[PDB]
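The form deposited in one PDB entry is given below as one chain in structure tokens.
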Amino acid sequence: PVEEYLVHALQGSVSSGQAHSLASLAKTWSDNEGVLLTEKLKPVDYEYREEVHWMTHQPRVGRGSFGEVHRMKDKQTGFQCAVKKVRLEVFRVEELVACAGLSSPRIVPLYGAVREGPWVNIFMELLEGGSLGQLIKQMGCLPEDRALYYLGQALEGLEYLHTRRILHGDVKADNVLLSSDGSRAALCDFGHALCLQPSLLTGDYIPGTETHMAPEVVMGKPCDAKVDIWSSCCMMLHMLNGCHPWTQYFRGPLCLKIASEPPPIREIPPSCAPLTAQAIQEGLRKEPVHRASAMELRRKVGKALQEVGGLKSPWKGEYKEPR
């Protein structure tokens, strides 16, 4: 009843505020307005404008698949964080409604969001270790113990999202980000995220990474929290091998082979310990009913880590040649 008025008070300004107000406002995003959740990112006379109140680090350098993520600084407070640019015309409301209010050390904190013209500018904590994706390229591929350690932390973030009926939608090394010493990993990018029930190919849908798609996505069957778990194990194989599943063996339209072919358990390295191999296999079952949940696999993975003597390799050790 007052809902309508609260939304209007938020439009046309940028304000210091809370996550519930950011979400409210973001629902209207299908000139300069938004909500900032930390006093470190501070508006100035109802505004927060790129190149006036905040400055991207120079020269411009772009991380992410679309080069859409930048280091920035609030001109008044000196606070540094990261900004992800999303184009307004393709903005998915779930990207801010999902993460808004979330609080978990396995999920990268959201610091605010400001619309300015054809951009939505999403702010978040800046994690200097970079993406797991860029660790893989830099190191070639990762030791079994480190890969387990990171899969498990991804899976912990997923327990937290899945418990609250949120699907991440594009779990992969590029969307896990690492603290500066490498010991903490955290899920980033709610651009493909989704609010769940206990179909998928309809509406505002942006599909995830093809190589990490589960079969129920691909064949258009009913989908659920289990689709993240498949992805997480494709990511595992990527950490271990230095390449995504499927890319080595099939060349044409990949999504056809994910449907018809057996799951890609042949890509498990043979020098992997028994329980590592088995954990990955249960996360890669083709029917969601037989696939492990986040909680089941996280548990399995944590004992898999224990079974190889725990985490012992240095974070940026020596280069392992890929497959």
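For clarity, a rigid core is taken as the largest C-alpha set superposing within 1.5 Å between two forms. One rule holds for the numbers: they count along the sequence shown, beginning at 1.
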(request) Could you tell me whether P198 lacks coordinates in at least a third of the other compared entries whose models cover its neighbours on both sides? (result) yes
(request) With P198 and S199 adjacent in the shown sequence, let me know how many deposited residues between them lack coordinates: none, 1 to 3, 4 to 9, or 10 or more. (result) 4 to 9
(message) So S30 and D31 are neighbours in the shown sequence, but is anything from the deposited sequence left out between them? Give the count as none, 1 to 3, 4 to 9, or 10 or more.
(response) 10 or more
(message) Averaging CA B factors per stretch from the PDB record, which one is higher: 59-67 or 32-40?
(response) 59-67
(request) Take the C-alpha B-factors listed in the entry for 97-105 and for 110-118, compute each mean, and give the stretch with the larger one. (result) 97-105
(message) If I read the C-alpha B-factors straight from the PDB entry, which of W230, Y205, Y150, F123 is highest?
(response) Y205
(message) Among the choices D174, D189, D74, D224, identify the one whose CA B-factor in the record is greatest.
(response) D224
(message) Going by the CA temperature factor in the PDB record, which third of the chain does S131 belong to: lowest, middle or highest?
(response) lowest
(message) Quick check for you: using the entry's CA B-factors within this chain, is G220 in the lowest, middle or highest third?
(response) highest
(request) Taking the chain's C-alpha temperature factors as the reference, tell me which third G252 falls into: lowest, middle or highest. (result) highest
(request) Classify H238 as lowest, middle or highest third according to the C-alpha B-factor given in the PDB entry, relative to its own chain. (result) lowest
(request) Would you check the entry's CA temperature factor for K84 and let me know if it's in the chain's lowest, middle or highest third? (result) lowest
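The following text describes the form deposited in another entry, which does not appear among the structures shown.
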(message) I want to make sure I read this right: if the two forms are fitted on their rigid core, which of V44, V61, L256, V52 has a C-alpha displacement of 2 angstroms or more between the shown form and the other one?
(response) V61
(request) Relative to what we see here, could you say if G64 and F190 have their Cα atoms closer or farther apart in that other deposited form, with a change of 3 Å or more? (result) closer
(message) Taking the cut-off of 3 Å or more as given, in which direction does the distance between the C-alpha atoms of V52 and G62 change in that other deposited form, closer or farther?
(response) farther
